[PDB]
Amino acid sequence: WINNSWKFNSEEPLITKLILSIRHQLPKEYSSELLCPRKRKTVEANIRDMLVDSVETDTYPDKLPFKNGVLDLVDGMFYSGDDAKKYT
Amino acid sequence: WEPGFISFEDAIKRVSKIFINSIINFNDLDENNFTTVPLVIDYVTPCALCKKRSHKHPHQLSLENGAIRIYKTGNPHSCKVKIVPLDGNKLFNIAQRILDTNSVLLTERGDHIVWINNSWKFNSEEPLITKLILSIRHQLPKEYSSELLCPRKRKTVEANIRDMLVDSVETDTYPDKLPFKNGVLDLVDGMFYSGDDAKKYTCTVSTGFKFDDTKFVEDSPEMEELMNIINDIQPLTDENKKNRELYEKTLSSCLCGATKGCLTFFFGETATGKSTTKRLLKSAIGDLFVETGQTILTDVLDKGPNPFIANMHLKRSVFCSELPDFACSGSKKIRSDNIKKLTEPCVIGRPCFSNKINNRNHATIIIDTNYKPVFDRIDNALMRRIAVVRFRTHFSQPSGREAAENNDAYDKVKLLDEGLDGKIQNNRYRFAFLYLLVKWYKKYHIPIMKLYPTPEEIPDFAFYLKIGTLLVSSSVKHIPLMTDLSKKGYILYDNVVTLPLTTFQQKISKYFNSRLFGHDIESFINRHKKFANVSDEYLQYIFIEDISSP
Amino acid sequence: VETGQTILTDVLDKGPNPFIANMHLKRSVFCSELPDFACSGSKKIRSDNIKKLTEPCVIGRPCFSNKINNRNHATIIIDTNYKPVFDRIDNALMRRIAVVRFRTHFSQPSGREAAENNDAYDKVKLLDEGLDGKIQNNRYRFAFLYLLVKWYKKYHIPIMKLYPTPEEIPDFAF
Amino acid sequence: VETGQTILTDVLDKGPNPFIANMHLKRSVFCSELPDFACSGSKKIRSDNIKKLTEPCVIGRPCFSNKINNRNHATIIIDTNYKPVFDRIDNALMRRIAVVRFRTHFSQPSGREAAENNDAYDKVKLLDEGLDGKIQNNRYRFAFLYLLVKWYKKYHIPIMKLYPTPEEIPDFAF
DNA sequence: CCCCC
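Residues numbered from 1 in each chain as written, not as in the entry; some residues may be left out. Chains lettered and ligands numbered in written order. Part of a larger assembly, values for the part shown. Heavy atoms only, no water. Residues with missing side-chain atoms left out of burial classes, pairs and counts.

Colleague: Mind laying out the overall build of chain A, listing which residues take part and the relevant values?
Modeller: A tally of helices and strands in chain A yields three helices and three strands. When the helices and strands of chain A are placed in sequence order, the string is α-α-β-β-β-α. The globule rule puts the C-alpha radius of gyration for 88 residues at 12 Å, and the 16 Å found for chain A is more than 25% above it. With respect to the principal axes defined by its C-alpha atoms, chain A has extents near 45 × 25 × 20 Å. Restricting the contact set of chain A to residue pairs at least 6 apart, pairs at least 24 apart contribute 37%. (Helix = DSSP H or I, 4+ residues; strand = E, 2+ residues; numbered from the N terminus. Rg over C-alpha atoms; globule rule 2.2 N^0.38 Å. Contact = heavy atoms within 4.5 Å.)

What follows is the structure, given as structure tokens:
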């Protein structure tokens, strides 16, 4: 989930892009570890070993995804930010 | 401070750790109170600075050359100065600076493109990011510049640059531009740009050779010589006025970087300037040109892997040769579907076993041949998607000069020069030819670019053009006219004037034959004729001869 | 997504088929300028692929990949100037086609005299040379999206099911 | 470099073709052992397969390789006995062909009378059984090279070009 | 692997 969208790529998994893009969201002492690529690789290895269960994506048949947010079809309230995270 | 050192609270926690004992001014300390306020330490244990039970005086902090020095206040002979440096990953700062200079971009296809030496470059299997990283170190603070001389440091800062780029971009979006290897030439204003002024137009595919304004001039011996060559190639005669205008217009279309709607063929006999035109074009537009086989028109374009279209990507003019002459059986004809989809703005074709299906198409496809091509299918959709150039001049060696004058196809015969081939190998006519091409582009430079088909040149277009001017569909306008239509030979069914098979064929038997055109007639009949009964089968086609008559 | 008429003129499984394995999760791929069957030498449109292209699962793998199951969210619109013919017609093929006709005209002023004397069009209007470049620059992206939203509203039924229209097709006449 | 007759018997594009990708920059290559066309049963030699062997670049790729452009400095010469026959002879093929002829034979003593009285030989001599051993061990390598450079100095005009001589092909009489 | 079939 980088800048309000569920990107996924195969040749370049983006988990290191995410880790570098989430460092402003953690305690201020943590936010300087994530400037060294070796430590981001370590964090990614931990993450990858951490999540076991898989999920189902695009399970709601009536929402349009845009680059900046999901547009609800029934109501019409264009959801942005975290409120679009709920709909993968 | 300077914004690149360290987050303040990180340094504060660092000094709290170094004092190895709770500090009473932990909450009094601010950003301002730096080199004046004393720092009070309640030495519950011996001081870690000097291994004594306590200190006669507190400690004070100083900032110099990126270090926060620790020292005692007074006579610190039995004390030692400690320094903590404030350098927040020098390599991340350099990565940020290179990034903000806007020279590495992530494209929509997943390929990074870097700006080296006044031209956008990219390479899928061998990334060029570190070539740039080394190339640019001259434009950084004179302390950063020597960090990025060790290859491991360059690869670390490249890892950072490739983690910073999350958004993609779009390339080659200005069809009215011509790139080079040193700058982009603006066609609209006749002006050449370089440096940062060329960086904006993200023009990847370049002609591969530098531009020098010393050659893009109106007058030159090269100009007059190449003008004579072009005149001898396509004379400026009135009978060639349409052919010459078409040649000039179809030659400029390769410059514009958008999709083209019609195709142009260089039909012609041997030794008529076809090779000269192709090689002059190659010497002028350089790497924009590409050569590929004739399987595109003959073999299914989808098939499997096919680099013949994978290299069509962004090409602004592609030539193909050696059409497998069709008047004799043995070679698959030029496909109709293959030649219809060469005008969609994104032609479908995948590389040698790769998943990049979509390929952008700015190509003006030209193919050279000695014979009028024949289509397995001719349709209205094809009549709008074909053109042909004819050359009626000969460069002849003196040995065959006598036979040359006895040929009908050679309206003008000259002496072949062995200097043309070598001279166009060294590309002396390159820049003069670009100058005349730019002149022609300005000649037809209205904000719309469009190429129309040429149905008059093809001899295979006669019948489908003929029936348009000789046959009109039966309509309600002709219903109250069946009184005199019955005497002609038509029969009225469900308020439609139809024509039975034999009478229609014998009325056709005065316009075009049944031996040569028999396949055409039978195809038209079994594709267009309707049914009235098992006994009587007719077609709702009315000749204009009976309509015009009273 | 962009594709030609190969999907309607070949076997969809074949071997490695990235051209149909690419529509995984998409909802729009087109079929325009169909390969006219009026002459003998052009393959007709089958009835197995049409039967395949209506299920929640599609069988086919891409290049440089092994997975064969893609989720069908796709809508396809076919268009050609003629009425296509099919090699095989039965009950199954009935529910998998809908057809709409337009008879609207625009052409350059030099072709107006030949424009007004033909029965292939229903109304006489002139050609606009600016709309092509305007839609080339997405001048109608958000607006047409607004229109699409309004049209989704006009049929926003809790259940949505596409339907066929066999009465337009002349193959189904008999 | 040497190669088979697959150059003159099929299409060089197809799939991978190292028989054509290995011609890159070589200055001499031949093709022999032709499928004689006096008896039907083989596809006639492609006439384009002469046109593609004249353009300063040829098309073909190695196995598992991407590059498609190929450089062509080569001299290609055909060595056979029977007059060639082409599927379609036009203005393209006539200038891309010239015939050189051998009017000498060398024979073993056993069959001396057979060749000595043949209308295709203006001379018959003995066959040497020592040339092959000497020539395989590069005896005349530098002597032959010197003779070749002298011949080059014979015709080193500003542009090396070869003139076709169509007077020998019997198919061009019509 | 692409190729082969």
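Colleague: Could you give an account of the overall build of chain C, naming the residues involved and the relevant values?
Modeller: Looking only at helices and strands, chain C features five helices and four strands. Tracing chain C from N to C terminus, the helices and strands come up as α-β-α-β-β-β-α-α-α. If one aligns the C-alpha atoms of chain C with their principal axes, the spans along those axes are about 55 × 45 × 35 Å. Long-range contacts, defined as pairs at least 24 residues apart, comprise 67% of the intrachain contacts of chain C with a sequence gap of at least 6.

Colleague: I'd love a proper account of the nonpolar core, names of residues and values included.
Modeller: Residue and element names in this part refer to chain B. One finds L226, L255, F433 and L437 to be the most contacted residues of the largest nonpolar core, which totals 41 residues. Elements with a minimum of two residues in this core: α6 (221–233), α7 (241–252), α8 (274–285), α14 (418–425) and α15 (430–443). If one sorts the elements of this core by residue count, α15 sits on top with nine residues. Contact partners of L255, with chain neighbours within four places excluded, come to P175, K177, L178, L187, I285, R316, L437, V438 and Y441. Counting 26 residues, the second-largest nonpolar core is a separate cluster that includes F267, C320, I378 and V388. (Core = buried A, V, L, I, M, F, W, Y, C linked by side-chain atoms within 4.5 Å. Buried < 20%, exposed > 50% of the residue type's maximum accessible area, 1.4 Å probe, protein only.)

Colleague: Before we move on, could you go through the protein's contact with DNA strand E and cite the residues and values that matter?
Modeller: Around DNA strand E, the surrounding shell consists of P305 and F353 of chain B, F64 of chain C together with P16 and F64 of chain D. Within 4 Å of the protein, the contacting atoms of DNA strand E are 93% sugar and phosphate, with bases supplying the remainder. Class assignment of the residues belonging to the surface near DNA strand E gives a composition of five nonpolar, no polar and no charged. (Near = heavy atom within 4 Å. Nonpolar A, V, L, I, M, F, W, Y, C, P; charged D, E, K, R; others polar.)

Colleague: Could you give an account of the interface of chain D and chain B, with specific residues and numbers?
Modeller: Taken together, the contact pairs 21 residues of chain D with 19 residues of chain B. Elements represented by at least two residues in the side of chain D that touches chain B include exactly α2 (48–51), β2 (57–59), β3 (69–71) and α3 (91–94) of chain D. Ranked by residue count, the leading element in the side of chain D that touches chain B is β2 of chain D, at three residues. For the side of chain D that touches chain B, the class distribution of residues is six nonpolar, four polar and eleven charged.

Colleague: Can you lay out a positive patch on the surface for me, pointing to particular residues and giving the numbers?
Modeller: Residue and element names in this part refer to chain B. On the surface, a cluster of positive charge is made up of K241, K242, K439 and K443. Those elements that provide at least two residues to the positive patch are α7 and α15. Assignment of secondary structure puts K241 in helix α7. Overall, the relative accessible area of 52% leaves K241 in the exposed class. (Patch = residues over 30% accessible without salt bridge, like charges linked within 9 Å, V, L, I, M, F, W, Y side chains within 5 Å. Areas by Shrake-Rupley, 256 points an atom, 1.4 Å probe, with all protein chains shown as cover. Salt bridge = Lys/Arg side-chain N within 4 Å of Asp/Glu carboxyl O. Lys, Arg positive; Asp, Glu negative; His and termini not counted. Charge placed at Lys NZ, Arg CZ, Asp CG, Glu CD.)

Colleague: I'd like to hear about the interface of chain C and chain A, residue by residue, with values.
Modeller: Listed by partner, the interface residues are five residues for chain C and seven residues for chain A. Together chain C and chain A conceal approximately 560 Å² of surface at their shared face, both sides included; 56% is due to carbon and sulfur atoms. Among the residues of chain C in contact with chain A, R27, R71 and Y152 of chain C are the three that bury the most area, contributing 59% of the side total. Here chain C and chain A share zero salt bridges between them. On inspection of chain C and its partner chain A, the count reaches two residue pairs in polar contact. The class makeup of the residues in the side of chain C that touches chain A is three nonpolar, no polar and two charged. (Buried area = accessible area lost by both parts, 1.4 Å probe. Polar contact = N/O pair within 3.5 Å; in protein donor to acceptor, adjacent residues only side chain to side chain.)

Colleague: Could you give me a rundown of the side chain of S119 of chain B, with the residues and numbers involved?
Modeller: Here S119 of chain B is to be found in strand β6 (residues 119–122). Sequence-distant contacts of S119 of chain B, defined by excluding residues within four places in its chain, comprise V114, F180, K181 and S206 of chain B.

Colleague: Residue-level account of the pattern of salt bridges, with values.
Modeller: Residue and element names in this part refer to chain B. Counting across every chain of the model gives 26 salt bridges over all chains. Its salt-bridge partner being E170, residue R360 comes within 3.1 Å of it at the nearest N-O pair. Taken together, the positions of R360 in strand β14 (residues 358–360) and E170 in the loop between α4 (151–164) and β7 (177–178) put the pair 190 residues apart, joining distant regions of the chain. Note that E269 is salt-bridged to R392, the shortest N-O span being 2.3 Å.

Colleague: Describe the pairing of strand β8 (residues 183–186) of chain B, and please don't skip the residues or the numbers.
Modeller: All names here are of chain B. Here two bridges tie β7 to β8, and the two strands are oriented antiparallel to one another. Within the sheet, the bridge partner assigned to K177 lies in β8 and is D186. A loop of four residues connects β7 with β8, the two strands running antiparallel in sequence. Bridge analysis of β8 against strand β9 (residues 191–194) gives four bridges, and the strand direction is antiparallel. Directly across from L185, in β9, lies its bridge partner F192. (Pairing = 2+ DSSP bridges.)

Colleague: Account for the packing of helix α3 (residues 129–136) of chain B against α4 of chain B, with residues named and values stated.
Modeller: Residue and element names in this part refer to chain B. Running from N to C, α3 and α4 point in directions that differ by 110°, and their axes come no closer than 10 Å. The pairing of α3 with α4 is recorded here as roughly perpendicular in orientation. The handedness of the crossing between α3 and α4 is right-handed. Side by side, α3 and α4 meet where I129, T130, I133 and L134 of the first sit next to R154, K155, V157, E158, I161 and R162 of the second. Along the lines of polarity and charge, the residues of the contact of α3 with α4 split into five nonpolar, one polar and four charged. (Axes fitted to C-alpha atoms, helices over the stretch in contact; angles between N-to-C directions. Parallel < 35°, antiparallel > 145°, perpendicular 65-115°, else oblique. Left-handed = near helix turned anticlockwise from the far one by under 90°.)

Colleague: Could you give an account of a nonpolar patch on the surface, naming the residues involved and the relevant values?
Modeller: Residue and element names in this part refer to chain C. Judged by side-chain polarity, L131, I135, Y140, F144, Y146, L147, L148 and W151 come together as a nonpolar surface patch covering roughly 800 Å² of accessible area. By residue number, the principal contributor to the nonpolar patch is helix α5 (residues 141–154), which donates five residues. With respect to the secondary-structure elements, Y140 resides in the loop between α4 (131–136) and α5.

Colleague: With reference to specific residues and values, describe the packing of aromatic side chains.
Modeller: Aromatic rings considered in pairs are described by the distance between their centres and by the relative angle of their planes. Residue and element names in this part refer to chain B. Applying the stated criterion to the full structure yields 32 aromatic pairs over all chains. Taking the centre distance of 6.5 Å and the plane angle of 35° together, the rings of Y193 and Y201 count as tilted. Looking at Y193, the relative accessible area reads 19%, which means it is buried. The exposure class of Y201 is buried, given its relative accessible area of 13%. Taking 5.7 Å as the distance between ring centres and 70° as the angle between the ring planes, the aromatic pair formed by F504 and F543 counts as edge-to-face. Taken together, the residues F504 in helix α18 (residues 501–508) and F543 in strand β22 (residues 541–543) connect sequence positions 39 residues apart. (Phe/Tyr/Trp six-rings, centres within 6.5 Å; stacked < 30°, edge-to-face > 60°.)

Colleague: Describe the sheet that holds β8 of chain B, with residues and values.
Modeller: Ordered in space as β7-β8-β9 (chain B), the three strands form an open sheet in which the pairing is antiparallel. In this open sheet, the two strands that pair with only one neighbour each are β7 and β9 of chain B.

Colleague: Give me the environment of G330 of chain B: which residues, what numbers.
Modeller: All names here are of chain B. Topologically, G330 is positioned in the loop between β12 (317–320) and α11 (336–340). The class for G330 is exposed, based on a relative accessible area of 82%. Through-space distance from the C-alpha of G330 to that of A404 is 32 Å; in sequence the pair is 74 residues apart.

Colleague: How would you explain the packing of α8 of chain B against α14 of chain B if you had to name every residue and give the values?
Modeller: A pair of packed helices can be characterised by two numbers: the angle between their axes and the separation between those axes. Residues and elements named next belong to chain B. Contact geometry for α8 and α14: axes closest at 9 Å, N-to-C directions at 20°. Regarding the angle of α8 to α14, the classification is roughly parallel. By crossing handedness, the relation of α8 to α14 is classed as left-handed. Residues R279, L280 and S283 of α8 form the contact with α14, whose own contacting residues are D421, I424 and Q425.

Colleague: Provide a residue-level description of unusual backbone geometry, including the pertinent values.
Modeller: Residue and element names in this part refer to chain B. Positive phi outside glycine occurs at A271, with the angle close to 60°. With respect to the helices, strands and loops of the structure, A271 is situated in the loop between β10 (264–267) and α8. Classification of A271 as partly exposed rests on a relative accessible area of 29%. The phi dihedral of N495 is positive, around 60°, even though this residue is not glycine.

Colleague: Explain the sheet that holds strand β20 (residues 496–500) of chain B residue by residue, including any values.
Modeller: In a beta sheet, neighbouring strands are held together by backbone hydrogen bonds and run either parallel or antiparallel to one another. All names here are of chain B. Spatial ordering of the open sheet is given by β19-β20-β21, a layout of three strands whose pairing is antiparallel. Each edge of the sheet is formed by a strand with only one pairing partner; in this case those strands are β19 (491–493) and β21 (538–539). Here two bridges tie β20 to β21, and the two strands are oriented antiparallel to one another. Each bridged residue has a counterpart across the sheet, and for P500 the counterpart in β21 is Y538. Its contacts with the sheet place α18 against β20 and β21, and it is angled at close to 80° to β20.

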